2 protein chains.
Amino acid sequence: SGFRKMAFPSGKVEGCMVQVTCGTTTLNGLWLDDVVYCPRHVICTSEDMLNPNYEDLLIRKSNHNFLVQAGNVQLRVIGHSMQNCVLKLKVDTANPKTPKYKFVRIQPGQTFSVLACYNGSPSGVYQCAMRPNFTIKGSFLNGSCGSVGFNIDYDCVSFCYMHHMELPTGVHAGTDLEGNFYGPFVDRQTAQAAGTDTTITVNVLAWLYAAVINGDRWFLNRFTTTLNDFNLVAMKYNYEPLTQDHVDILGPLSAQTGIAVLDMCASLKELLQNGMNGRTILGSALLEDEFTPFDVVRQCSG
Amino acid sequence: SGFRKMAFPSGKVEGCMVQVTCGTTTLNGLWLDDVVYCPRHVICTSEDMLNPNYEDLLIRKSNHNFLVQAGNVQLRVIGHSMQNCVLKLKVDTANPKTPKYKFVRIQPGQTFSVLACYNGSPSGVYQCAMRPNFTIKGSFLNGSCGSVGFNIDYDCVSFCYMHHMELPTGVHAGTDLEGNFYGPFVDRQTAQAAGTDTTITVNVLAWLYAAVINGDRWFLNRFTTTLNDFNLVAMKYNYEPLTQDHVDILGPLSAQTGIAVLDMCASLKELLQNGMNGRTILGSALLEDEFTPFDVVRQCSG
Ligand SMILES: *[C@H](S)C(=O)c1ccc(Br)cc1
Ligand SMILES: *[C@H](S)C(=O)c1ccc(Br)cc1
C-alpha cells in the first residue's frame, strides 16, 4: 500500500554521466559506447547568447578544445560533430558501464525520471511528466544542463530528455537525445515563454483509480456520464479531451476496481464542480495529473 | 528553479541488493563486505506468525537453509546469527561493489531515500520522512521487506532503515540496520497500530522558505509573533512545538531570504487559521512537512 512519486533506480544512468568543458563553460554529458552527448550550447561564449550561429562556432573548434572527465579520468576526444541541438563527441574509450539503451521521444502526458547532475556528478533523482505545452516542471540549478530524463524497461534504458534551459516561469525546456527540442523553444536568448498548459485528464483518472486501489473511496458516486458530456465539462475546466483510446487504456484499472471508466469520469466531474470540501486523496488536496495509467499499474497492487 | 521530492541517486545501494530465501519465504537482503543483512522474519513459516520464538526458530536452521542470490550468482552462506530483528548471513564473498557506508539511526522528522526492491531487484526510488509516530508513509507491496532507506553524503551511504511490515492504516514500520525497530512495533502478528501523529513544524517552515526562494510570496505578511504565541497556535493545530534550536537551524534560510524565522511563523499561523483561499504553494494545496531545512538548502539556489 501507499502511493509515491517514484523514480526508476538511477544506477544505470549514473554510470554514464561525465563532465564536458569547452572554454570556460562546463556542463554534463552522457557517455554511451564511445560517444559523449551534450548540449551544443557548451560551445557558446558570454557574447554569443543572442544569435549564435552554431555551425560557425563549431567549425572554429577542434577536438582538443573539449575536455571530457569521467570521474577522475580524462577521456580523449577524437571526433566532434553536431546533430540538431546536441553535440556528439567521439572519445577514444567505450564506456564499460554502457547499459542496453534506446533514444525514444516521448509524448506530452508521459512521465520519466530525471537524474539531476552538476559537474558530471549525480545529485538527485525525481519523477516528471512532459506537460501538454512541452515544458517540464523540473528542479534544476545553474550547471544542470546536460542532465537526462529516462525510463527503464527490464534492463533497457530509454533516454527521452536532455535538459537545456529554464524559461521565465521557472519551468524547463530541453531536447530528445537526437537534439530536437520538445516544443517551440530554441537554444538561444529570446523572449520565448511557455504557452498555455492544460491538465492531463487520463492521468488524473489513473490516479483516482490508484486511490481506490489504496482505499480512498469518498469521491465515488452512483452516477455515470457519457464521454461527450464529460468532455463538455473537461473543456470548461481546462482539461484535455478524453478519447476512447484513453478509456481503453484505463480498462485494466477499471477491471481491477470494478469501477467503469465513465463512472469514474462522473466522480471527476463532481470533484471539478465541487472541490474536495476539505478532504484529500492520496495525501493531496488537488487533482494529481503526473501519474500515467502505466505508473499506477506498476506501483499498485494487482 | 523548481522544487521536487528528490531522492538520492540509488546506484550505490542498487549494487548491494540481493535475494534471500529460507524455506518458501523470499525477501530482500543487503550485502556489504561479506555480510548479508535481512529481516529475521525470513525464518518464520505460515504457522509461526502469532508468537514466534526467533531464538528457537534460528537454532533449528543451518547455513544451507539460506539461499542468497546476487543477480545470477549464488552466494555461499558460511555463518548466520541474529541481531535484534535482523539476521546476519556471513557469505564466502565480499561484495566488490560495497560503498563507503555507515549504519545510523534517524530521528522523527528526518528524511531519507527508499529503494523499493522485489526478489533482490530494485524497482523504484522515492523520498520519505520518519513520522513523529515512528511510521513511514511508504509505497511497498508484498515482497518488499528487506528494502532499505538511506542518505548519501559525499561518497558515504548512511543506511538508516530496513523495511519490515505494513500496519493496518497502510503505513509502514521497520528497523534501523542494527535490527531495532523504529517505534513501538514488533515483528509478529498483533493488533498493533500507528499511534497518533503530528505535523513536523520546522519542516513546514523550511518548505515555506523554499517557496519564497522559488518566488511564491503571497502568504507573507507584515506581522511577527513570539515563539510562545506561535507554539500556542501550533499546539491547537496538532503541530509539533518549535524550539530555539529549530529557529537556529532555520538561520541560513532566513538569512538568504531576509525573512526572520518568527515572521515566517506569523505567516504559518495565518495559513493554519485561514487556509489558502484556493491558492497553492510550490504546487501543493496543503502544508508540506516532509522537507527538512537541509533538504531545502541542498535543492534550492543559494
Ligand atoms: C546549459 S543548462 C545549456 O545547455 C543551455 C542551453 C540553452 C540555453 Br538558451 C542556455 C543554456
Ligand atoms: C517481510 S516484508 C518481513 O520482513 C516481515 C516482518 C515482520 C512481519 Br510482522 C511481517 C513480515
Side-chain angles (χ1 to χ4, degrees), chain A residues 5 7-8 10 13 16-17 27-30 32 37-42 44 49 52 54 82-88 101-117 124-153 157-203 238-241 246 289-295, chain B residues 1-4 283:
Chain A
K5 227 143 185 282
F8 287 100
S10 57
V13 177
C16 299
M17 278 344 279
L27 42 64
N28 304 282
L30 179 78
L32 297 166
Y37 302 82
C38 71
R40 74 182 175 165
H41 187 83
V42 75
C44 293
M49 326 165 30
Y54 290 99
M82 171 176 45
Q83 161 164 24
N84 303 305
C85 297
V86 297
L87 231 53
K88 289 174 76 184
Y101 71 93
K102 300 201 282 211
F103 285 172
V104 309
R105 187 178 173 94
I106 60 158
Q107 291 284 319
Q110 291 200 275
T111 54
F112 56 100
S113 298
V114 170
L115 181 63
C117 284
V125 69
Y126 56 88
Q127 193 79 345
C128 273
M130 183 52 72
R131 304 302 314 170
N133 69 2
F134 290 102
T135 61
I136 73 167
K137 293 176 173 194
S139 173
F140 289 121
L141 298 177
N142 227 289
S144 59
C145 57
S147 300
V148 300
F150 54 100
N151 283 282
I152 302 184
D153 195 43
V157 185
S158 285
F159 295 101
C160 60
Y161 178 83
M162 176 168 284
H163 182 49
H164 287 244
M165 55 206 224
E166 182 170 297
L167 296 167
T169 49
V171 305
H172 299 106
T175 63
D176 61 26
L177 268 291
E178 324 282 358
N180 301 293
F181 259 88
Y182 288 102
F185 308 109
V186 293
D187 58 352
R188 77 178 166 270
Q189 176 80 69
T190 77
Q192 56 191 330
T196 68
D197 203 24
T198 52
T199 299
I200 306 154
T201 308
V202 63
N203 290 1
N238 198 35
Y239 270 54
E240 278 193 322
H246 289 148
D289 81 336
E290 287 200 4
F291 299 93
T292 68
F294 169 96
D295 295 343
Chain B
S1 306
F3 204 74
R4 285 273 192 186

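In what follows, chains carry the letters A, B, and so on, assigned in the order in which the sequence lines appear, proteins first and then strands, with residues in each chain numbered from 1.
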Any side-chain heavy atom of A:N203 within less than 4.5 Å of one from A:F291? no

For the pair A:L167 and A:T135, evaluate side-chain contact (heavy atoms from CB on, under 4.5 Å) and give the outcome as yes or no after the intermediate values. CA-CA 9 Å; A:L167 296 167; A:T135 61; 3.7 Å; yes

Could you tell me how the ring of A:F140 sits relative to the ring of A:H163: parallel (under 30°), tilted (30 to 60°) or perpendicular (over 60°)? parallel

Between A:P168 and A:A193, the two heavy atoms sitting closest are CD-CA, 4.4 Å

Please name all residues satisfying salt bridge (charged side-chain N to carboxylate O under 4.0 Å, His left out) with A:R188, sequence neighbours left out, ordered by chain then number. none

So A:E240 and A:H246, do their side chains get closer than 4.5 Å, heavy atoms only? no

Evaluate the side-chain proximity of A:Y37 to A:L32: yes if any heavy-atom separation is below 4.5 Å, no if none is. yes

Are A:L27 and A:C38 side-chain neighbours, meaning at least one heavy-atom pair lies under 4.5 Å? yes

Between the main-chain N or O of A:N180 and the side-chain N or O of A:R105, is there a donor-acceptor pair closer than 3.5 Å? yes

Are any side-chain N or O atoms of A:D176 and backbone N or O atoms of A:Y161, one a donor and one an acceptor, separated by less than 3.5 Å? no

Is the shortest heavy-atom distance from the side chain of A:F8 to the side chain of A:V157 under 4.5 Å? no

Quick one: does any side-chain atom of A:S147 pair with a main-chain N or O of A:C117 as donor and acceptor, under 3.5 Å? yes

Between A:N133 (side chain only) and A:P108 (backbone N and O only), is there a donor and an acceptor less than 3.5 Å apart? no

Centres of the A:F181 and A:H164 rings: under 6.0 Å? yes

Ion pair check, A:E290 and A:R131, cut-off under 4.0 Å: yes

Heavy-atom side-chain contact between A:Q83 and A:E178 under 4.5 Å: yes

Residue pair A:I106 / A:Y182, side-chain heavy-atom distance below 4.5 Å: yes

